[PDB]
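See structure below.
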Amino acid sequence: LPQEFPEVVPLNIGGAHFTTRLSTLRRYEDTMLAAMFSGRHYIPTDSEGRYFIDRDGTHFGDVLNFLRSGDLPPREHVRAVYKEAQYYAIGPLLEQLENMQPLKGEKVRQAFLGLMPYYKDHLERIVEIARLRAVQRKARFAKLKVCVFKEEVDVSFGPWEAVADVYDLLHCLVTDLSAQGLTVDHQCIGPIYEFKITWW
Amino acid sequence: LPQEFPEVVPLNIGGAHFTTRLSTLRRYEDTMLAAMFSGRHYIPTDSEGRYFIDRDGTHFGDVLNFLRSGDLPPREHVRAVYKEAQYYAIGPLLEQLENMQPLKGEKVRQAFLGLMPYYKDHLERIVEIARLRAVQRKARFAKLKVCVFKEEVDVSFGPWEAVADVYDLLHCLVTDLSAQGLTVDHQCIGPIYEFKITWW
Amino acid sequence: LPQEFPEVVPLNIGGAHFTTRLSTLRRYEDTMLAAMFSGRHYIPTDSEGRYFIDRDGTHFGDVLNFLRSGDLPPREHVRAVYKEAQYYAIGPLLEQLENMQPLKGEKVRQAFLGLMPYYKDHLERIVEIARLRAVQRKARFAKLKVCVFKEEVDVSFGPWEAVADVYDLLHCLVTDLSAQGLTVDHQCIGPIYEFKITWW
Amino acid sequence: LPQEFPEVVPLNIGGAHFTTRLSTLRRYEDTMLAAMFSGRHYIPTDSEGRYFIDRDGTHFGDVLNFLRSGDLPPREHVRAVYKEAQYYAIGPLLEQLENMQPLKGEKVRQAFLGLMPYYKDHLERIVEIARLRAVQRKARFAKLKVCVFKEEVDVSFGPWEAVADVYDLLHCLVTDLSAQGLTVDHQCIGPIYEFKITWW
Amino acid sequence: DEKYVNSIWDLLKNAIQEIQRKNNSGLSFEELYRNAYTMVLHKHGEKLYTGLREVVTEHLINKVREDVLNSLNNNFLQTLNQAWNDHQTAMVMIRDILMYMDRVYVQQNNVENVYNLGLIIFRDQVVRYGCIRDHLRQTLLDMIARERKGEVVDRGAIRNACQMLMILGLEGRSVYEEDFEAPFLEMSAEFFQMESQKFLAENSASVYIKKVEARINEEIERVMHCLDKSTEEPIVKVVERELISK
């Protein structure tokens, strides 16, 4: 049925109450919110006039702000609003958020790490190998050997063609592991690098 | 129609519920809120007695405070309430907010950077060139050369007539670039200044 | 009309919902809240049973807490609850707030600065002259000369009779100017003290 | 009259909205919440079916948490939830909160300071002698002499029988005065100790 | 970018036209205000400004200009008053819609505000046309002569016309002066020149003085009822000079 929507649309986003005009939701024709409120789909209300979307509404405010006017979130909210924009399929918001710093540097480094599609698998292998060694031996730290060559090892990072050096990958390893909360120190045992992860 | 508004006006500002007296809204005659509630225009209600304004209501509290009395926002709210007052066209609030520190120093520095209407364009050129070089070469840092003269270069900042020296412009570049989240280092390669931006 | 109030009084403070007992509001007889809820004045409700006060309700919780029991703000809301108590004319709350530290030192220093009723005007002159010089010359910093004597200058602070020294007033100047967000450095140019304010 | 309560008890705590089961409130029989909801008293309802308690509802969530499970507040909320539990006369909560760190160290130090019932009176006396001296002389700092002995002076701390030395009392004085927001320095003028308090 | 701007410009133009035709707006105030505010922020104020000029010119030059031209002898003062009231109300609503323009866009260009712009357009186009100028001068002179001759006309209508003439100029008396006062001054001078000779021939010295006093009182009453108070003094002085010093 072609559903008629009020000009002032009350919204319920996972228990969070927002109110916005119908023009704001239909501002971009190719989005989740436009297709949902285009009128070709039946939308369920929830014991009130509110229209229900089953998602977290903490960062829906920034999505509505962008739909009203080209307002971008602060840097600390770039990633959460980016996830919201991916869910709602708002292409312009995705572009403007990928041109902001928390994601811009990540894309730049993914340009380098894209040469190795096994990078995240090898990070995991490192983490659970260290965890298994520490638990089995009942130690605080686990030491594992990794081999990084640009052109007996637990984890090996193979060759790549770029201007980033070997030590730049080791910066990716330590920063990514540290971003996971781990305390990681690496030393060149002699190219074989030994990583010490301290659990406690 | 000449609407009659209640003396106590229930307000709904983008899903946020505020309540204020009618005299508060019409306090300044030349304002969005005064013209909106002057009675010459039809105002939509939203499933209740609330009156709907489709904008973020996080910082509407400070706007209402300035309408009630002469209260001014704290430091971190100066810029957001300035943005709100721009929308609501509250001239006195705009003046008092431009007389506060976060915007006062910006006006003082725009007195200098206004000699060069190409400043922001050249900054965006710097950022885009650095990003393109880093992505294409697959590096972490991109080094680009700028030429700053008061009286082979990627981005050049032309002459200006003021008492701010060349080293003051480089402070503007680094501070503005660092405010964007970029990690910037500048050096005098020999007047051509080499700028290095570290993405990761 | 002799308005009759319920024993449990629902309150609406600028869109913020509070609920309190009648005896709590009427606890101090000489108060805005007592006179308002004394039954001698007609109080307007707002689309519900709640009574409306066109005031910011963020720090009304501490006012209600004091009315219920002799509780005090936790050292970060002393100034805001002080403003609220000033509005509501709660005398005991004002006394116990002025006996707390953020305002106690301010009264102690106002004892010294009360000897000079022109002090605030002279700070405003300092800031305005610095801003005018920086804007007209298009600089980052403006240097102005002040003359401070206890017993060709832009601003002069006249004689006073106290045990505070000349260097104590310069402490008042720098801290007050820094409290305005300015970056201030003072030097004894030789008694004329040169003040430099860095806008950016 | 014997009041009948719903199994799900809607609660209004000073304008804060809570909901809990009757079993949760009646979990400890010797408690404010049990006596109130025992059915021997008449409890008002605030125009919407809620049961009203004229008390701050900020930290009533932790009280409800301790009534539901044995959950204890985080480190920061120990003192506020202790104040709430004192009002609600929840004995086990008071025990487990006095057994937690912010109050445990305070009990240990009150063991020492219990030998001196005049301690807080003398701290106050120090504060107002400093304040009146600074105001009357119009100074920034007030210097007063205190005499501390284990076995012309403004404030004297008499003998006590414990293993804490004289210097440990001076730690109590400076920490308590600093916790009041004051800036305190002391030295042994020669046993008479001179305390200097800087107001600004 | 440009496509959305064109779409919301079509929206704003439809709203402005629909306001100018005196009907309830399909949209709301806040949506149109947001559209104008976004237009000004993105430095598209030039196109909105020119579109406002085009719509107001369509509603004045092409509508009320031809209405007054086609209603020269059919309630010319009444239709002019109706057009003035419609213009004032419409420009008040449009100025409400475009307040951010007033705050910034028209102020960096130093141009007068939207209401002042509408007043200037009204004066330039539908006050300063030669045909309507001569017709309004003739109508005002005929009304003044009829009042002097004893005929009773709508004094409130003439007062409304004087108020419109005074407000047509940008807070100045130049418009009212160059529009009516000079023809009014000339007509009053001619009438007083005739009346002075008539009273000198027909009436004696005391009778002539009484007639001059009555004429001055009638002129003062006419100024109070259906003329500007500021210009009353020069008219009274001219009448006294022509009646007495001749």
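Quick note on naming: the chains in the structure tokens go A, B, ... in the order shown, residues restart at 1 in each chain, and ligands are numbered from 1 in order of appearance.
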Next item on the list: Give the residues of chain A that lie within 10 Å of chain B; count only C-alpha atoms, and format the answer as a PyMOL selection string.
Entry: chain A and resi 6-11+16-21+24+48-50+61-62+64-65+68-69+75+99-102+104-115+161-165+168+171-172+175
Margin query: I want to know what sits within 10 Å of residue 83 in chain A, based on only C-alpha atoms, with residues of the same chain fewer than 6 positions away left out; could you give that as a ChimeraX atom specification?
Written below: /A:59,89,94
Take the selection from the previous step and output its residues with N, CA, C and O atoms, as a PDB file, in the first residue's frame.
ATOM      1  N   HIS A  59      24.090   8.070  17.815  1.00  0.00           N
ATOM      2  CA  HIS A  59      24.711   8.874  16.771  1.00  0.00           C
ATOM      3  C   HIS A  59      23.795   9.076  15.570  1.00  0.00           C
ATOM      4  O   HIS A  59      24.277   9.378  14.474  1.00  0.00           O
ATOM      5  N   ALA A  89      23.246   3.857   4.254  1.00  0.00           N
ATOM      6  CA  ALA A  89      23.619   3.958   2.843  1.00  0.00           C
ATOM      7  C   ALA A  89      23.547   5.396   2.339  1.00  0.00           C
ATOM      8  O   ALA A  89      23.034   5.672   1.254  1.00  0.00           O
ATOM      9  N   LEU A  94      29.179   9.302   3.600  1.00  0.00           N
ATOM     10  CA  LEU A  94      30.331   8.407   3.594  1.00  0.00           C
ATOM     11  C   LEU A  94      31.545   9.077   2.965  1.00  0.00           C
ATOM     12  O   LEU A  94      32.662   8.955   3.477  1.00  0.00           O
TER      13      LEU A  94
END
Note to self: One number please: CA of residue 170 in chain E to CA of residue 1 in chain B, in Å, one decimal.
What the structure shows: 29.5 Å
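As for CA of residue 151 in chain B and CA of residue 130 in chain C, they are spaced 26.1 Å apart.
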Next item on the list: Would you mind reading off the distance between CA of residue 168 in chain E and CA of residue 128 in chain E, one decimal, in Å?
Entry: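 Distance between the two atoms: 10.3 Å.
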